[PDB]
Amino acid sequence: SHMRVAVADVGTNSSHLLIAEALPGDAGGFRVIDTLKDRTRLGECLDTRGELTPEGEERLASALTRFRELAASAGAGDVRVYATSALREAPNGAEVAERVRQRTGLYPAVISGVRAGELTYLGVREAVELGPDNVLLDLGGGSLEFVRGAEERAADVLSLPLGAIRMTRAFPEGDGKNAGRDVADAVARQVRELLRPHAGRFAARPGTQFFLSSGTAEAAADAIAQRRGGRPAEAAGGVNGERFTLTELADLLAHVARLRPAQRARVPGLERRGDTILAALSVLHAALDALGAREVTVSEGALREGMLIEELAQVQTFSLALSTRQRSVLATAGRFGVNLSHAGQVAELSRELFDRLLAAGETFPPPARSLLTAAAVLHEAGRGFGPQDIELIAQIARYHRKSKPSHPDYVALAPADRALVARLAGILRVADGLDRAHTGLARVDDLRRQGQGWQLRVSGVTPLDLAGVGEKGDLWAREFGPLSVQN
């Protein structure tokens, strides 16, 4: 058997789960085992102050509980969860995310709109045939990402607050005859307003291919196909790779705008989106029209597929850079069943902290880097190394302030090895906190001596990661002096 992995995203409208298995060949690919979508509709559970309600917290917990059960059922174990920037509230995101972590075990890490767009672009890459020059729009309930790239990754990302829920709420629809058309016009003016300053970066040139993802675009492609006399997206197994034109979109929108909100849910393809679909289609049409697009291709791949790709990419990049002996450690860790993505991130952070400390004058014995790397890989387990090295690794990997010296089989290392274990376990614990949310995103920017202590600048950290460093950096402060974490 190979490695089963689980990723999940929490957006404004829905939550998504991907369970997959890595491909043999350390190539970066995967095989899809199962997928799940939960219509969490958190954008409907925001209060007057932009915070998520307890009902919205309940819906979130149910989604992560279903997600975590399916993943454990497949052998996936840990589920990395990213949330878009609006789903978890304007000021209380940290509190909401800690709460669901306590209730379910999974921690929804808020990422930026830019990072969401980059990852979504990778999922699109996994689904469709990108060219040398691609513009992707990803419309959700909260934001719209514009992304331009070539055949492998995003080069430029813009994130605008033009989500289908947000636009539906911002232009309440009247009860008159042209009420739909008026909502669509006003939404179209909001789109141009926010897009005009940066439209050039995403405008059509000869050969530009436009792509659309997420559920609005998927519902639109279905509806347009059935307008050309097609069958529900059941036939043809979905809408992946389907194409449609700006004109067809406009006609769909004209039809939807003439209909009453109730009647839109009886338009074939729109059956599940009647409440937002008018605003959402005005956003797509108005944004594409501003960019000069004439035809699009719809993609069923999106954020969750890009999450899997980035995770496997970080895993195998670390694996390839490792030595023969260290790769054997990673393989052994996998056999025990540890999260290799978490192992690799903690090893990389450990190595980064270790190297900064060396550059700052901290002395370490030659095998120190090698012992820390191996203990980092094995730190969550419930060949080519000497028996002393293995014992050091073991103690680094399983360090706790409370040993009992007199109890039989107590392992008392020589004073120099005692001191080494304590310093390397202090690094390891800080690195472990920096990936406490299991995002793979933390990075060490700088590590400077702050008097008799140190100052550590980090990026890509969630509130849970910073709190973890404060709880686990106690050993570091004892060995290296007080530690302040910033950014």
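Sequential numbering from 1, following the sequence displayed.
Colleague: Can you tell me how many deposited residues have no coordinates between residue 363 and residue 364? The categories are none, 1 to 3, 4 to 9, and 10 or more.
Modeller: The entry leaves nothing out here.
Colleague: Enter the number of deposited residues without atomic coordinates between residue 382 and residue 383, binned as none, 1 to 3, 4 to 9, or 10 or more.
Modeller: Count of unmodelled residues in between: 10 or more.
Colleague: Can you let me know which of the two, 354-362 or 268-276, has the higher average C-alpha B-factor in the entry?
Modeller: Result: 354-362.
Colleague: Looking only at CA atoms, which has the higher mean B factor in the entry: 124-132 or 363-371?
Modeller: Going by the record's values, the stretch with the higher mean is 363-371.
Colleague: Name the residue from 194, 96, 322, 283 with the greatest C-alpha temperature factor listed in the entry.
Modeller: By C-alpha B-factor in the record, 322 ranks first.
Colleague: Just grab whichever of 153, 189, 88, 231 has the top CA B-factor as deposited.
Modeller: Most elevated C-alpha B-factor of the set, per the entry: 231.
Colleague: Tell me, lowest, middle or highest third: where does the Cα B factor of residue 311 rank within its chain?
Modeller: Middle third of the chain for residue 311's C-alpha B-factor.
Colleague: Taking the values exactly as deposited, rank residue 464 by C-alpha B-factor within its chain and report the matching third: lowest, middle or highest.
Modeller: For residue 464, the deposited C-alpha B-factor lands in the middle third.
Colleague: By its CA B factor, does residue 335 count among the lowest, middle or highest third of the modelled residues in the chain?
Modeller: For residue 335, whose C-alpha B-factor we compare with every modelled residue in the chain, the answer is the highest third.
Colleague: Hey, what third does residue 77 fall into on Cα B-factor, ranked over its chain?
Modeller: As the PDB entry reports it, the C-alpha B-factor of residue 77 lands in the highest third of its chain.
Colleague: Which third, lowest, middle or highest, does the C-alpha temperature factor of residue 292 belong to within its own chain?
Modeller: Tercile = lowest for this residue's CA B-factor.
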